[PDB]
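**Student:** Quick one, final-v1.cif (mmCIF, N, CA and C atoms and all ligand atoms):
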data_protein
loop_
_atom_site.label_atom_id
_atom_site.label_comp_id
_atom_site.auth_asym_id
_atom_site.auth_seq_id
_atom_site.Cartn_x
_atom_site.Cartn_y
_atom_site.Cartn_z
N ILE F 1 112.13 118.67 142.98
CA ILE F 1 111.25 118.08 141.98
C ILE F 1 110.58 119.23 141.24
N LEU F 2 110.66 119.23 139.92
CA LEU F 2 110.11 120.32 139.13
C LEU F 2 108.89 119.84 138.36
N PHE F 3 107.90 120.72 138.25
CA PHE F 3 106.67 120.43 137.54
C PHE F 3 106.38 121.53 136.55
N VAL F 4 105.86 121.15 135.39
CA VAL F 4 105.46 122.09 134.35
C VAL F 4 104.00 121.81 134.00
N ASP F 5 103.16 122.84 134.08
CA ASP F 5 101.78 122.72 133.63
C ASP F 5 101.72 122.45 132.14
N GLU F 6 102.29 123.35 131.34
CA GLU F 6 102.30 123.22 129.89
C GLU F 6 103.69 123.58 129.39
N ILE F 7 104.34 122.63 128.72
CA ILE F 7 105.66 122.88 128.14
C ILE F 7 105.55 123.83 126.95
N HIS F 8 104.35 123.92 126.35
CA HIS F 8 104.07 124.91 125.32
C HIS F 8 104.27 126.33 125.82
N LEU F 9 104.04 126.57 127.10
CA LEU F 9 104.33 127.88 127.67
C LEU F 9 105.81 128.10 127.92
N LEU F 10 106.65 127.08 127.72
CA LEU F 10 108.09 127.25 127.82
C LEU F 10 108.75 127.32 126.45
N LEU F 11 108.40 126.41 125.55
CA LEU F 11 109.05 126.36 124.25
C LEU F 11 108.21 126.91 123.11
N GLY F 12 106.90 126.74 123.15
CA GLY F 12 106.05 127.29 122.11
C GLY F 12 105.88 128.78 122.26
N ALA F 13 105.87 129.25 123.51
CA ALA F 13 105.81 130.67 123.82
C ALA F 13 107.03 131.08 124.64
N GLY F 14 107.29 132.38 124.66
CA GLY F 14 108.39 132.89 125.45
C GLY F 14 109.44 133.62 124.65
N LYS F 15 109.67 134.89 125.00
CA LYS F 15 110.74 135.67 124.41
C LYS F 15 112.09 135.12 124.87
N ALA F 16 113.12 135.31 124.04
CA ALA F 16 114.49 135.02 124.46
C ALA F 16 114.91 135.88 125.64
N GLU F 17 114.46 137.14 125.67
CA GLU F 17 114.75 138.05 126.77
C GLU F 17 113.75 137.95 127.92
N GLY F 18 112.64 137.24 127.74
CA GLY F 18 111.67 137.06 128.79
C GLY F 18 111.79 135.75 129.54
N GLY F 19 112.83 134.97 129.28
CA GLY F 19 112.98 133.68 129.92
C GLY F 19 113.40 132.59 128.96
N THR F 20 113.02 131.35 129.27
CA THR F 20 113.40 130.23 128.44
C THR F 20 112.53 130.20 127.18
N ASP F 21 113.17 130.14 126.03
CA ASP F 21 112.52 129.90 124.76
C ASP F 21 113.08 128.62 124.15
N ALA F 22 112.77 128.40 122.87
CA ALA F 22 113.41 127.34 122.11
C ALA F 22 114.91 127.55 121.94
N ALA F 23 115.39 128.79 122.10
CA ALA F 23 116.79 129.13 121.91
C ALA F 23 117.57 129.29 123.21
N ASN F 24 116.97 129.00 124.36
CA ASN F 24 117.67 129.17 125.63
C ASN F 24 118.39 127.86 125.99
N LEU F 25 118.86 127.76 127.23
CA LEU F 25 119.58 126.61 127.75
C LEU F 25 118.59 125.50 128.09
N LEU F 26 119.08 124.52 128.86
CA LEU F 26 118.49 123.23 129.22
C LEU F 26 118.45 122.26 128.06
N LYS F 27 118.86 122.66 126.87
CA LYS F 27 118.99 121.68 125.79
C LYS F 27 120.21 120.78 126.01
N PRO F 28 121.46 121.28 126.14
CA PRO F 28 122.55 120.34 126.39
C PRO F 28 122.70 119.96 127.85
N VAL F 29 121.83 120.46 128.73
CA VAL F 29 121.85 120.05 130.13
C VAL F 29 121.05 118.77 130.32
N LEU F 30 119.91 118.64 129.66
CA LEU F 30 119.03 117.50 129.85
C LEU F 30 119.50 116.23 129.15
N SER F 31 120.69 116.22 128.55
CA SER F 31 121.40 114.96 128.35
C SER F 31 121.69 114.31 129.69
N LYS F 32 122.27 115.08 130.60
CA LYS F 32 122.69 114.56 131.89
C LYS F 32 121.50 114.43 132.83
N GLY F 33 121.65 113.57 133.83
CA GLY F 33 120.62 113.39 134.82
C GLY F 33 120.78 114.33 136.00
N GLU F 34 120.98 115.61 135.70
CA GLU F 34 121.21 116.59 136.76
C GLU F 34 119.90 117.18 137.26
N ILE F 35 118.99 117.51 136.34
CA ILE F 35 117.79 118.26 136.65
C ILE F 35 116.58 117.37 136.37
N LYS F 36 115.63 117.35 137.30
CA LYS F 36 114.52 116.42 137.28
C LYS F 36 113.21 117.20 137.21
N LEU F 37 112.67 117.36 136.01
CA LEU F 37 111.38 118.02 135.86
C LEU F 37 110.33 116.99 135.46
N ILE F 38 109.07 117.36 135.66
CA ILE F 38 107.93 116.53 135.26
C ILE F 38 106.96 117.41 134.48
N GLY F 39 106.78 117.11 133.20
CA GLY F 39 105.96 117.91 132.33
C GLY F 39 104.59 117.30 132.08
N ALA F 40 103.80 118.04 131.30
CA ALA F 40 102.45 117.61 130.96
C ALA F 40 102.06 118.27 129.64
N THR F 41 101.93 117.48 128.58
CA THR F 41 101.49 117.98 127.28
C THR F 41 100.45 117.05 126.69
N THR F 42 99.79 117.55 125.65
CA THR F 42 98.81 116.78 124.90
C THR F 42 99.40 116.39 123.55
N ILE F 43 98.90 115.28 123.00
CA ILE F 43 99.62 114.51 121.99
C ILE F 43 99.79 115.30 120.70
N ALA F 44 98.67 115.74 120.11
CA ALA F 44 98.71 116.41 118.82
C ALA F 44 99.41 117.75 118.89
N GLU F 45 99.42 118.37 120.07
CA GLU F 45 100.21 119.56 120.29
C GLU F 45 101.66 119.23 120.61
N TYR F 46 101.92 118.08 121.22
CA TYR F 46 103.29 117.61 121.41
C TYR F 46 103.99 117.30 120.09
N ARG F 47 103.22 117.06 119.02
CA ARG F 47 103.80 116.89 117.70
C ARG F 47 104.44 118.17 117.16
N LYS F 48 104.15 119.33 117.75
CA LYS F 48 104.86 120.54 117.37
C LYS F 48 106.31 120.51 117.83
N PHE F 49 106.60 119.84 118.95
CA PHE F 49 107.97 119.75 119.43
C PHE F 49 108.82 118.88 118.52
N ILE F 50 108.21 117.89 117.87
CA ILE F 50 108.95 117.04 116.96
C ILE F 50 109.30 117.80 115.69
N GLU F 51 108.34 118.54 115.15
CA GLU F 51 108.54 119.30 113.92
C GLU F 51 109.23 120.64 114.15
N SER F 52 109.47 121.03 115.40
CA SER F 52 110.11 122.32 115.66
C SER F 52 111.57 122.30 115.25
N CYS F 53 112.37 121.47 115.91
CA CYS F 53 113.76 121.31 115.54
C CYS F 53 114.25 119.87 115.61
N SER F 54 113.41 118.93 116.08
CA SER F 54 113.74 117.51 116.27
C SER F 54 114.99 117.32 117.13
N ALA F 55 115.05 118.04 118.25
CA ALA F 55 116.14 117.90 119.20
C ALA F 55 115.68 117.65 120.63
N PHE F 56 114.49 118.09 121.00
CA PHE F 56 113.91 117.74 122.29
C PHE F 56 113.35 116.33 122.30
N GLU F 57 113.29 115.69 121.13
CA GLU F 57 112.67 114.38 120.97
C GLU F 57 113.37 113.31 121.79
N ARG F 58 114.69 113.41 121.90
CA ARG F 58 115.49 112.46 122.66
C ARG F 58 115.97 113.04 123.97
N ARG F 59 115.44 114.18 124.39
CA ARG F 59 115.78 114.69 125.71
C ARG F 59 114.65 114.49 126.71
N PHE F 60 113.42 114.68 126.27
CA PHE F 60 112.27 114.37 127.10
C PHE F 60 111.81 112.94 126.82
N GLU F 61 110.85 112.46 127.61
CA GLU F 61 110.39 111.08 127.52
C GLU F 61 108.89 111.03 127.30
N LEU U 1 146.74 132.28 132.24
CA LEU U 1 146.54 133.56 132.91
C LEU U 1 145.07 133.94 132.94
N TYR U 2 144.33 133.53 131.91
CA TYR U 2 142.93 133.88 131.80
C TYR U 2 142.10 133.08 132.81
N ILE U 3 140.95 133.66 133.17
CA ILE U 3 140.03 133.06 134.13
C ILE U 3 139.59 131.68 133.67
N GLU U 4 139.30 131.54 132.37
CA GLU U 4 139.00 130.34 131.59
C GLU U 4 137.59 129.82 131.90
N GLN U 5 136.90 130.34 132.91
CA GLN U 5 135.58 129.87 133.28
C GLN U 5 134.47 130.73 132.70
N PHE U 6 134.70 131.35 131.54
CA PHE U 6 133.61 132.05 130.89
C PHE U 6 132.60 131.08 130.30
N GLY U 7 133.06 129.94 129.80
CA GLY U 7 132.16 128.88 129.41
C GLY U 7 132.12 127.86 130.52
N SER U 8 132.79 126.73 130.31
CA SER U 8 133.08 125.81 131.40
C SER U 8 134.33 125.03 131.04
N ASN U 9 135.10 124.68 132.07
CA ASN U 9 136.29 123.88 131.85
C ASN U 9 135.89 122.46 131.50
N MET U 10 136.70 121.84 130.67
CA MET U 10 136.41 120.50 130.20
C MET U 10 137.48 119.51 130.62
N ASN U 11 138.73 119.95 130.69
CA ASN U 11 139.81 119.06 131.10
C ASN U 11 139.68 118.68 132.57
N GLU U 12 139.44 119.67 133.44
CA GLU U 12 139.52 119.43 134.88
C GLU U 12 138.36 118.58 135.39
N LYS U 13 137.25 118.55 134.65
CA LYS U 13 136.13 117.70 135.06
C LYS U 13 136.41 116.23 134.79
N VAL U 14 137.19 115.93 133.75
CA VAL U 14 137.60 114.56 133.51
C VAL U 14 138.83 114.22 134.35
N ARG U 15 139.60 115.24 134.76
CA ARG U 15 140.63 115.04 135.78
C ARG U 15 140.02 114.61 137.10
N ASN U 16 138.80 115.06 137.39
CA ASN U 16 138.06 114.54 138.52
C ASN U 16 137.59 113.11 138.30
N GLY U 17 137.60 112.64 137.06
CA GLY U 17 137.21 111.28 136.76
C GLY U 17 135.75 111.09 136.48
N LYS U 18 135.02 112.16 136.17
CA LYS U 18 133.58 112.05 135.99
C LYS U 18 133.24 111.40 134.66
N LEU U 19 134.08 111.56 133.65
CA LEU U 19 133.77 111.10 132.30
C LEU U 19 134.85 110.17 131.76
N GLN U 20 135.40 109.32 132.61
CA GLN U 20 136.45 108.41 132.19
C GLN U 20 135.90 107.30 131.31
N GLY U 21 136.77 106.76 130.46
CA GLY U 21 136.50 105.52 129.77
C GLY U 21 135.42 105.57 128.72
N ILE U 22 135.68 106.24 127.60
CA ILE U 22 134.70 106.34 126.53
C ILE U 22 135.06 105.33 125.45
N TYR U 23 134.11 104.46 125.13
CA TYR U 23 134.26 103.57 123.98
C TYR U 23 134.34 104.41 122.72
N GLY U 24 135.31 104.10 121.88
CA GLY U 24 135.67 105.05 120.85
C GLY U 24 135.50 104.58 119.43
N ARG U 25 135.13 105.52 118.57
CA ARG U 25 135.19 105.32 117.14
C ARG U 25 136.48 105.98 116.67
N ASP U 26 137.52 105.17 116.50
CA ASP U 26 138.86 105.71 116.32
C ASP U 26 139.04 106.36 114.96
N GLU U 27 138.31 105.90 113.94
CA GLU U 27 138.35 106.58 112.66
C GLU U 27 137.68 107.94 112.73
N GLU U 28 136.72 108.09 113.65
CA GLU U 28 136.05 109.37 113.82
C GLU U 28 136.93 110.35 114.59
N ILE U 29 137.67 109.85 115.57
CA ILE U 29 138.51 110.71 116.40
C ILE U 29 139.65 111.29 115.58
N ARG U 30 140.29 110.47 114.75
CA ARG U 30 141.38 110.94 113.92
C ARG U 30 140.91 111.85 112.81
N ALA U 31 139.64 111.75 112.43
CA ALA U 31 139.10 112.71 111.48
C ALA U 31 139.11 114.11 112.06
N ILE U 32 138.91 114.24 113.37
CA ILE U 32 139.03 115.54 114.02
C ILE U 32 140.47 116.00 114.02
N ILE U 33 141.37 115.13 114.47
CA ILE U 33 142.76 115.49 114.75
C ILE U 33 143.48 115.90 113.47
N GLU U 34 143.18 115.24 112.36
CA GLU U 34 143.78 115.62 111.09
C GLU U 34 143.20 116.93 110.57
N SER U 35 141.97 117.26 110.95
CA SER U 35 141.46 118.59 110.65
C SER U 35 142.03 119.62 111.61
N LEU U 36 142.57 119.17 112.74
CA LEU U 36 143.08 120.10 113.73
C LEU U 36 144.51 120.55 113.45
N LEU U 37 145.24 119.86 112.59
CA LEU U 37 146.65 120.17 112.40
C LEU U 37 146.94 120.91 111.11
N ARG U 38 145.92 121.33 110.39
CA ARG U 38 146.11 121.92 109.08
C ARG U 38 146.54 123.38 109.22
N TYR U 39 147.34 123.84 108.25
CA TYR U 39 147.72 125.25 108.23
C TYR U 39 146.52 126.16 108.00
N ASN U 40 145.63 125.79 107.08
CA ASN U 40 144.57 126.70 106.66
C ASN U 40 143.26 126.50 107.42
N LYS U 41 142.64 125.33 107.29
CA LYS U 41 141.34 125.09 107.88
C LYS U 41 141.50 124.41 109.22
N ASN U 42 140.93 124.99 110.26
CA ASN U 42 141.11 124.46 111.60
C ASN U 42 139.79 124.44 112.35
N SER U 43 138.74 123.91 111.74
CA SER U 43 137.42 123.93 112.37
C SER U 43 136.56 122.78 111.87
N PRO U 44 136.62 121.63 112.53
CA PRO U 44 135.68 120.55 112.23
C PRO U 44 134.33 120.79 112.86
N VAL U 45 133.30 120.19 112.26
CA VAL U 45 131.96 120.16 112.82
C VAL U 45 131.45 118.73 112.78
N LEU U 46 130.98 118.23 113.92
CA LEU U 46 130.36 116.92 113.98
C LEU U 46 128.90 117.03 113.58
N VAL U 47 128.66 117.05 112.28
CA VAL U 47 127.30 116.90 111.78
C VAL U 47 126.90 115.45 111.97
N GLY U 48 125.71 115.22 112.51
CA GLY U 48 125.27 113.86 112.70
C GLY U 48 123.78 113.74 112.92
N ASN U 49 123.26 112.58 112.56
CA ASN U 49 121.97 112.04 112.96
C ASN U 49 121.77 112.24 114.46
N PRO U 50 120.75 113.01 114.89
CA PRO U 50 120.74 113.61 116.25
C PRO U 50 120.83 112.65 117.42
N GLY U 51 120.52 111.38 117.22
CA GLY U 51 120.55 110.44 118.32
C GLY U 51 121.94 110.08 118.78
N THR U 52 122.92 110.14 117.88
CA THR U 52 124.22 109.55 118.14
C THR U 52 125.03 110.41 119.10
N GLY U 53 126.21 109.91 119.44
CA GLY U 53 127.11 110.67 120.28
C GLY U 53 127.75 111.79 119.48
N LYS U 54 127.63 113.01 119.98
CA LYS U 54 128.38 114.14 119.44
C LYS U 54 129.28 114.70 120.52
N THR U 55 128.71 115.02 121.68
CA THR U 55 129.49 115.45 122.82
C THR U 55 130.45 114.36 123.26
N1 LIG F 101 129.85 106.14 122.35
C1 LIG F 101 129.08 106.23 123.43
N2 LIG F 101 129.39 105.48 124.51
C2 LIG F 101 128.62 105.57 125.60
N3 LIG F 101 127.53 106.31 125.80
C3 LIG F 101 127.25 107.04 124.71
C4 LIG F 101 127.95 107.06 123.52
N4 LIG F 101 127.36 107.93 122.62
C5 LIG F 101 126.34 108.42 123.28
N5 LIG F 101 126.21 107.93 124.55
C6 LIG F 101 125.17 108.27 125.51
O1 LIG F 101 124.29 109.20 124.90
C7 LIG F 101 123.70 110.03 125.92
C8 LIG F 101 123.81 111.48 125.53
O2 LIG F 101 123.22 111.66 124.25
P1 LIG F 101 124.17 112.01 123.07
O3 LIG F 101 123.49 111.78 121.72
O4 LIG F 101 125.47 111.39 123.38
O5 LIG F 101 124.32 113.54 123.14
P2 LIG F 101 124.54 114.24 121.77
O6 LIG F 101 125.51 113.38 120.89
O7 LIG F 101 125.05 115.59 122.01
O8 LIG F 101 123.17 114.33 121.02
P3 LIG F 101 122.46 115.71 121.26
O9 LIG F 101 123.26 116.79 120.49
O10 LIG F 101 122.55 116.02 122.78
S1 LIG F 101 120.61 115.69 120.67
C9 LIG F 101 124.40 109.67 127.23
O11 LIG F 101 123.57 108.82 128.02
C10 LIG F 101 125.67 108.96 126.77
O12 LIG F 101 126.10 108.01 127.73
#
I'd like the structure from this file rewritten - as structure tokens, please.
Ligand SMILES: Nc1ncnc2c1ncn2[C@@H]1O[C@H](COP(=O)(O)OP(=O)(O)OP(O)(O)=S)[C@@H](O)[C@H]1O

**Tutor:**
Amino acid sequence: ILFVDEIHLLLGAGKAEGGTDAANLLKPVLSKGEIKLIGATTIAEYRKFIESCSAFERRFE
Amino acid sequence: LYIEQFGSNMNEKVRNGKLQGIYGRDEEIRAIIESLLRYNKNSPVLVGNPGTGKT
């Protein structure tokens, strides 16, 4: 079971060479029900994920 | 002869039966295949509204 304090620290921040960024993996993985994470974000800041690339919108819930 | 696992294999996973039986848009499938047999251009791209099936 995976937990994330702030998903902004994964996608809003983060070098490509320092770990997961907006350009790393888990994008075509989270179509499948292989990996089970539990995140926590706030609404008006979660609107940055929609306007970022509009691709995590249908991968997270 | 090649290792072939630099990305991931796609045929052998459906040979295992994990992804059998896909309901199909047959006009969409043949749009790929006719782009696949050309002498000059051999690269289709499934541009689409992000919700739909691409994979
Ligand atoms: N024609 C279809 N028949 C059955 N399930 C489908 C079909 N098209 C999509 N799905 C379902 O869609 C989910 C995966 O999302 P998809 O949109 O197919 O992935 P995608 O087309 O690559 O979109 P992205 O690029 O991942 S945002 C899975 O639960 C599939 O079962």

**Student:** Residues contacting ligand LIG 101 (chain F) - anything with an atom at most 8 Å away, using only C-alpha atoms and all ligand atoms - can you give me those as a VMD selection string?

**Tutor:** (chain F and resid 27 to 28 31 to 32 55 to 56 58 to 59) or (chain U and resid 22 to 25 50 to 55)

**Student:** Which residue out of F:54, F:9, F:4, F:49 has the minimum interatomic distance to chain U when all atoms listed in the file are used?

**Tutor:**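 Of F:54, F:9, F:4, F:49, the one nearest chain U, counting all atoms listed in the file, is F:54.
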
**Student:** Mind the document's chain letters and residue numbers, and return as a VMD selection string the residues of chain U that DSSP labels helix (DSSP H, G or I).

**Tutor:** chain U and resid 11 to 15 26 to 36

**Student:** Using atom CA of residue 40 of chain U and atom N of residue 26 of chain U as the two end points, give the distance in Å to one decimal.

**Tutor:** 24.7 Å

**Student:** With all atoms listed in the file as the counted atoms, please give the residues lying no more than 6.5 Å from residue 36 of chain F, apart from itself and same-chain residues fewer than 3 positions off, as an MDAnalysis selection string.

**Tutor:** chainID F and resid 1:3 33

**Student:** Report, as JSON, the axis-aligned box around all atoms of segment 26-36 of chain F present in the file, extended by 6 Å on each side; give centre and edge lengths in Å to one decimal place.

**Tutor:**
{"center_x": 118.0, "center_y": 119.0, "center_z": 131.5, "size_x": 21.5, "size_y": 23.1, "size_z": 23.5}

**Student:** Can you work out the spacing between atom N of residue 40 of chain F and atom N of residue 5 of chain F in Å, to one decimal?

**Tutor:**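 Value for the atom N of residue 40 of chain F-atom N of residue 5 of chain F distance: 5.6 Å.
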
**Student:** With a distance cut-off of 10 Å and only C-alpha atoms, select the neighbouring residues of residue 8 of chain F, excluding the residue or stretch itself and same-chain residues fewer than 5 positions from it, and output the selection as a PyMOL selection string.

**Tutor:** chain F and resi 13-14+21+40-42+45-46+48-49

**Student:** Quick check, in Å to one decimal: how far apart do atom N of residue 1 of chain U and atom N of residue 15 of chain U lie?

**Tutor:**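 That distance, rounded to one decimal, is 18.6 Å.
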